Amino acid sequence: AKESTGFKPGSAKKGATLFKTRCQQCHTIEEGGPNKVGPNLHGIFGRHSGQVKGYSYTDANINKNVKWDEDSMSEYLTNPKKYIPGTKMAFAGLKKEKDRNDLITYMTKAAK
């Protein structure tokens, strides 16, 4: 629910730091970075869920076929399991809206 989301741009600075303290443990975002616990996120926005080559996803994520946009990412980050029952991503999610906007700001930039 994109509209619902109505995602607003935030602090890319801020996003940068939430990435490190929260997604870096398991993911890279750099162009040409490798998979790790989670898959490399470079190019995420221009792609559906479950397609980075050489990464083994759950049927759940593959089947989910999400077209990752910022409204999409926003739901998913509040509760990944909730957005994708069966996913193996282990993280409670980002509950504050502000948090998610900052992050997605960075992501949107870093991942391009």
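Residues carry their position along the shown sequence, with the first being 1.
Judged by mean Cα B factor in the deposited record, 10 to 18 ranks above the other of 96 to 104 and 10 to 18. Between the stretches 22 to 30 and 81 to 89, it is 81 to 89 that shows the larger average CA temperature factor. The residue among 74, 56, 61, 40 whose C-alpha atom has the highest B-factor in the PDB entry is 61. Ranked within its chain, residue 47 lands in the middle third, by CA B factor from the PDB record.
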